[PDB]
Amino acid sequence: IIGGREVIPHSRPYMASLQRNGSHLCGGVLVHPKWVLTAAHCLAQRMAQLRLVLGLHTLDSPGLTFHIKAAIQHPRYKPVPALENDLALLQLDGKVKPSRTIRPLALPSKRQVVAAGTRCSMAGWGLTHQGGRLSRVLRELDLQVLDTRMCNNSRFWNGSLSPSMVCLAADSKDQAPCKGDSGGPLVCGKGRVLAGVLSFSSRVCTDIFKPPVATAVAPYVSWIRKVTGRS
């Protein structure tokens, strides 16, 4: 996150860090004691070397580490250039016991809409500057949902955002999620309800003509319930 703020430690106990050989790769959201929801493009990796770490604030710190038994990418995931259905569910090799630092975030209703104007925020350990390095501490950034039609403007995303995608903007031009931030949850409203999983931007994180986009959670809730086996 570029231009964001350090969170209060463990104030977002659903946060997962997906890591390869101890190195952070993407965020995730714990959506069940045995399942982390994250971005599918994050799993273009040798799974043998991937771990999920829970309850972290500071990135170099133990937290609680899980091996991954299975990585189930959405059936209709299409990678770049079309980054469609950019979601994967990861099965932990143990079962999370809810505590103060680690806890699942509930899925929204399957009929949640994320309307233009909705005030949200997201969290991650991603880059703090263009071409920089990961954040040492978990950070957060307020984001507002933009009208998808305006985001699809020729100078912006040029018709390529589907109805399942949530177009986002910070309050300032110099604030944006950046590399390492995908997979992490977008929570919206006063009740801080899970509404999206961050996906993509353009190569430059703060490019105002390429606002960040998250995959909306609500249209995938029934898939998620089928996969997790919890109707």
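Quick note: we count residues from 1 along the sequence shown, nothing fancier.
For the pair 121-129 and 94-102, the mean B factor over Cα atoms is greater in 94-102. For the pair 105-113 and 149-157, the record assigns the higher mean C-alpha temperature factor to 105-113. Within the listed group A40, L37, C26, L64, the record reports its top CA B-factor for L64. Per-chain ranking of the deposited C-alpha B factor places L141 in the middle third.
Among the modelled residues of its chain, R51 has a C-alpha B-factor that falls in the lowest third according to the deposited record.
Compared with the other modelled residues of the chain, the Cα B-factor recorded for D174 ranks in the middle third. Per the PDB record, residue ranking by Cα B-factor puts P219 in the lowest third of the chain.
Split the chain's modelled residues into thirds by C-alpha temperature factor. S199 is in the lowest one.
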